[PDB]
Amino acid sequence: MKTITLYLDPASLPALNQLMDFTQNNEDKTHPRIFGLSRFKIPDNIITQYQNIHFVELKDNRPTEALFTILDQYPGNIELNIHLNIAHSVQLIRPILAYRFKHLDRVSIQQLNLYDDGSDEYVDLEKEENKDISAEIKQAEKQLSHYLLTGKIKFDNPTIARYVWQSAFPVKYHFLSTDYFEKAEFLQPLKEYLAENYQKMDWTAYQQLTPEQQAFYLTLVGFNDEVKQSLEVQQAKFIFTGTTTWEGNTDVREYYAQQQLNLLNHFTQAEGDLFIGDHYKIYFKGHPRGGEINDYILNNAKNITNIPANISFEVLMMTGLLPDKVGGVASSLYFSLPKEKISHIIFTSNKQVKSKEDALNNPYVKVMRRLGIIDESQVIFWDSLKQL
């Protein structure tokens, strides 16, 4: 038999973990591998080092039929080693289960590894709080069995169905918050069901790589030497989280750039409400869609170091390069930051959020609060901050 490894993710965090798994196994130059990581392009000069390496697109959270063309290149007994995004696991596995079913004499699933997407898994589990979790698990197992045979996806509880894979296959889950599963009382049946099949996400794997593998990983994730050196300074470091625009009663983008500078000043200046201290080196991490607003902020801020907007906080954590303090405009990225590193999170006006009270009711803010990751005093509504 032959093992084929499949790495599938439409998001970022599972992909970063899957690219770490590839890096750890990178001395094996010929192991069959299929990559469907929508947000990551593996460079040509890495790809050409490998044999039996394949790429597939995802559409609507599923690998396309070009997957079958790849698997058909391996005509004997094959076992699939599959890595997936938890939130999207049901859709992502659909075409794989189909291939298995057609070839049940010769295709089998060796195992699954599933990784959190981010806050969504937790925000989704919160919606299940008043349900009978024991009963939801048993029903989902039954519907999964049916799925395996028919390809018919119809789960009564699509959220819980994300967690019943062990009823069919060997599985390992990698969670952002094991505390959530262990401390949310309503999830006790799910915690016990999962048994030894989960662990906390592995943020320190990079540190155990060879220096050569560390460089390889940085190249996979698009994190160049210039950026890396800038983040290794022996000084306290603060990074501001930029945004795009919000409901400011104007369509002038320069206004939103202007206001983000004032928010930054609340952190950097002694008279600011959110003052971090004069000994911090300041960095700016723009929103990936900030475009020219990011250029405006960088040019009009003094003595700030840019971290290219295409670089995620998830990859900063994967690489051990997260600054000492993070603050700025709210985003779901804050959900997975260590509690010690979060300063203040500032919510801007939108259809959903028009006060601090609304901001405290934000879905990921609610989970962070339940987990004690932040106190409510760390959530600020933007219009509370004076012009400095």
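Numbers for residues come from their place in the sequence shown, where the first is 1.
Student: Between 80-88 and 125-133, name whichever shows the higher mean Cα B factor according to the PDB entry.
Tutor: Mean CA B-factor is higher for 125-133.
Student: Looking only at CA atoms, which has the higher mean B factor in the entry: 47-55 or 347-355?
Tutor: 347-355 has the higher mean C-alpha B-factor.
Student: Report the option among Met318, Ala140, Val171, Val107 whose CA atom has the maximum B-factor in the deposited record.
Tutor: The C-alpha B-factor peaks, among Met318, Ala140, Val171, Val107, at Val107.
Student: Tell me which of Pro158, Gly118, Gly272, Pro288 tops the list for C-alpha B factor in the record.
Tutor: Going by the entry's C-alpha B-factors, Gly272 comes out highest.
Student: Within this chain, which third does the Cα B-factor at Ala215 fall in: lowest, middle or highest?
Tutor: For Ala215, whose C-alpha B-factor we compare with every modelled residue in the chain, the answer is the lowest third.
Student: How does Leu231 rank on Cα B-factor within its chain, lowest, middle or highest third?
Tutor: As the PDB entry reports it, the C-alpha B-factor of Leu231 lands in the middle third of its chain.
Student: So where's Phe267 on the chain's Cα temperature factor ranking, which third?
Tutor: For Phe267, the deposited C-alpha B-factor lands in the middle third.
Student: Based on the deposited C-alpha B factors for this chain, I'd like to know if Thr30 is in the lowest, middle or highest third.
Tutor: For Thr30, the deposited C-alpha B-factor lands in the middle third.
Student: Ranking the modelled residues of this chain by C-alpha B-factor as given in the entry, is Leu371 in the lowest, middle or highest third?
Tutor: Highest third of the chain for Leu371's C-alpha B-factor.
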